[PDB]
């Protein structure tokens, strides 16, 4: 039919990957300018990637059903992490049941207990590691540690955290993470080759499943000897029954737990770090005042109402941090059948993408897009896609923001911070999940 315009390939069989790596946004905006089109196709190692780079057409990426646009093939490289029959490795109907089960473990009703759990871990961390009148820290490392500790304290019973503490859990997860080859998205041959990565991933997942098995057995013993019963994400998923009457296997529960941590860890840490970096910069002193005012009448011990209902401004700070520097640069689907987008047909076999980095820098949608302004609103409806939308919208958004907001309120109640450079850090685009440049994240905390 009428295909999107294709950016010229001048270096064959790499395509535009190299140019993309150098300046993701600059490159994408150059394609947009040159091809006179928000919808255009680039070439990544010989694979056509059609970018829906016009915010007016977002719904064409986000709304079509799975039969039409499917992320499953994109996620083939993560099958060893999730496990077979888990998440994108399951038929879509089955994945949806699993997602519902996960969301039910992050229901608003469970937030009643999450708030104190999170604040407990935050205080404990600050008391241990931020103990002088002032001191120097790497904010990105400290927020990452807080997020693993807080997520674990919400989601895992004490017995589990004893057998599998944050530190050990992070090691297992990092071993799985460092075994991933996202290049396999564009070079699918990799997924059929024998790779040492495969054995490491399996080692770590099996080790984790073993620990969970031993926790389940121990809990059974606790219940028999005392009436002690632990209610957590583990117990919750284990009690799940699919519509076909079968229960979730331990294999599936393990994969879901792993998948949840993989989703939640970096994104939440990065969002918290950016938010603090912005709030502490002198240019944003008005915003820091608005935050401090928002939390001023909060009890020493926050509760569900405080964080959920009484923090709209902290929430704006979080979303605008994601809006300016989205941790996920490119959302992708396999085109399963020709799809009409704007004035073009995107053909079966393409990878279709929608880029939060590109869309969040559209100047009609977000005037002066490099300026962090929590008071802004999108000027094109649906242009903010920080948490995705439609069929595959984020199910962790509320829990992620609960942690970010709780950490912001707890940190800024007791500390000020000073950046150790003139400007907030540059984003570092070399990672799967993009955050501020780590070596630029050293800051000074100052006890209030």
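Numbering follows the first chain given and starts at 1. Under this definition, the rigid core comprises the largest set of C-alpha atoms superposing within 1.5 Å between the forms.
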query: 193-201 against 131-139 - segment lying farther from this form in 5 other deposited structures of this protein (CA RMS, rigid core fit); finding: 193-201
query: Higher-deviation segment by CA RMS in 5 other deposited structures of this protein, core fitted, 72-80 or 218-226; finding: 218-226
query: Segment of higher mean CA temperature factor, 300-308 or 142-150; finding: 300-308
query: Per the entry, higher mean C-alpha B factor between 268-276 and 170-178; finding: 170-178
query: Candidate residues 289, 165, 315, 325, the one whose C-alpha B factor the record puts highest; finding: 165
query: Top residue by Cα temperature factor, when 361, 202, 371, 333 are compared in the entry; finding: 202
query: For residue 281, the third of its chain into which the C-alpha B factor falls; finding: middle
query: Among modelled residues of the same chain, the CA temperature factor third for residue 25; finding: middle
query: CA B-factor placement of residue 418, once the chain's modelled residues are sorted into thirds; finding: highest
query: Third of the chain, ranked by Cα B-factor, where residue 340 sits; finding: middle
query: Chain-wide C-alpha B factor ranking for residue 346, given as lowest, middle or highest third; finding: middle
